[PDB]
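Below: the structure, in structure tokens.
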Amino acid sequence: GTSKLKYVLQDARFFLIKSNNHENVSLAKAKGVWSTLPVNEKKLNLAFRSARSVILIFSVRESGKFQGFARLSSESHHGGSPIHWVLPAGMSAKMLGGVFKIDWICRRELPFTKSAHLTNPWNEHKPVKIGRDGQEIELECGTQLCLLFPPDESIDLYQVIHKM
Ligand SMILES: Cc1n[nH]c(N)c1C#N
Ligand SMILES: Cc1n[nH]c(N)c1C#N
Ligand SMILES: Cc1n[nH]c(N)c1C#N
């Protein structure tokens, strides 16, 4: 069902995360982690303290799809095991902030064609697929976007509910 999912999303905050390649999303899905530039790291740390759930919705550039969504389980931290991100020409591993732990809620894809009816008030009411890495998505838009994803029957939200 969708009842536990709605419970996790109640009063949540949502952020669009844009990866330049599939490899970084694969790493995030395998290891339960994400690292972003310091400008976004500061926004996510503030959001984590402010809301009962902070949801990252991932999209690989030029893929025409979202690749899933996850909930922050921690603020960012440094000094952990290294993560071999594949970075665009211009981004360096030192330039990345710390590492956030994340719990995946859905590892399934959603094509942009399916979210064409959702606009984001925090990005001039443009379609929700449009946004820079780190763009915040307003509550109602973000909730409806997450509810469009196919259910991921491999995930049990019971443990996520307990972290809240
Ligand atoms: C209203 C409201 N409160 N929490 C939500 N996920 C919503 C929506 N949509
Ligand atoms: C890794 C990572 N963190 N933030 C990004 N825009 C990427 C990529 N590609
Ligand atoms: C991997 C990894 N590097 N840093 C972390 N906090 C993790 C986790 N979990």
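The figures here come from the full heavy-atom set of this structure, side chains too, leaving out hydrogens, waters and symmetry mates. Along the sequence shown, residues carry numbers from 1. Just follow the structure's listing: the first ligand is 1, and inside any ligand the first atom is 1.
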Can you name the atoms of ligand 2, numbered from 1 with element, that are less than 4.0 Å from a heavy atom of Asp133? 4 (N), 5 (C), 6 (N)
contact_flag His77 ligand 3 heavy-atom lt 4.0 Å: no
The single option from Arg71, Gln159, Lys163 passing side chain to side chain donor-acceptor pair (under 3.5 Å) against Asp103: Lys163
Would you confirm whether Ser74, through its side chain, and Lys101, through its main-chain N or O, come within 3.5 Å as a donor-acceptor pair? yes
Least distance between heavy atoms, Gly98 atom then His78 atom: N-NE2, 3.4 Å
Any side-chain heavy-atom pair from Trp85 and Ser35 closer than 4.5 angstrom? yes
Distance-only N or O hit between ligand 1 and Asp11, under 3.5 Å: yes
How close does the nearest protein non-hydrogen atom get to atom 6 (N) of ligand 3, and which residue and atom is it? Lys101 CE, 3.7 Å
Closest approach of any protein heavy atom to atom 5 (C) of ligand 3, naming residue and atom: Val99 CG1, 3.8 Å
Would you call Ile155 and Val160 a side-chain contact if the rule is heavy atoms closer than 4.5 Å? no
Please confirm whether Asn21 comes within less than 3.5 Å of ligand 2 when only nitrogen or oxygen atoms on both sides are compared. no
Got the closest protein heavy atom to atom 7 (C) of ligand 2, with its distance? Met91 CE, 3.5 Å
Looking only at distances, please establish whether an N/O atom of ligand 1 is found under 3.5 Å from an N/O atom of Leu139. no
Look at atom 8 (C) of ligand 2 and say which protein heavy atom is nearest, naming residue and atom and giving the distance to 0.1 Å. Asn24 ND2, 3.4 Å
Sub-4.0 Å heavy-atom contact, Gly32 with ligand 3: no
Out of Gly79, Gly80, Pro82, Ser74, whose heavy atom is nearest to atom 4 (N) of ligand 3? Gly80
I want to know if ligand 1 touches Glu140 in the polar sense, i.e. an N/O pair below 3.5 angstrom. no
Apply ring-ring contact (aromatic ring centres under 6.0 Å, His included) to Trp122 and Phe15, showing your working. CA-CA 11 Å; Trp122 301 151; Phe15 296 84; over 10 Å; no
Whether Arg108 engages the ring of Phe66 as a cation-pi pair (distance to the six-membered ring centre under 6.0 angstrom, angle to the ring normal within 45°) should be assessed. no
Ligand 3 atoms in contact with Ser81 (distance to a heavy atom under 4.0 Å): 2 (C), 3 (N), 4 (N)
Among all protein heavy atoms, pick the one closest to atom 3 (N) of ligand 2 and tell me residue, atom and distance. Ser35 O, 2.6 Å
Kindly work out whether a path of hydrophobic side-chain contacts (I/L/V/M/F/W/Y, heavy atoms less than 4.5 Å apart) joins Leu147 to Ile57. yes
Inter-residue atom distance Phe112.CZ - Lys65.NZ, 0.5 Å rounding: 10.5 Å
Just jot down the ligand 2 atoms closer than 4.0 angstrom to any heavy atom of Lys18, in number order. 5 (C), 6 (N)
Can you find a pair of side-chain heavy atoms, one from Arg52 and one from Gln10, that are under 4.5 Å apart? yes
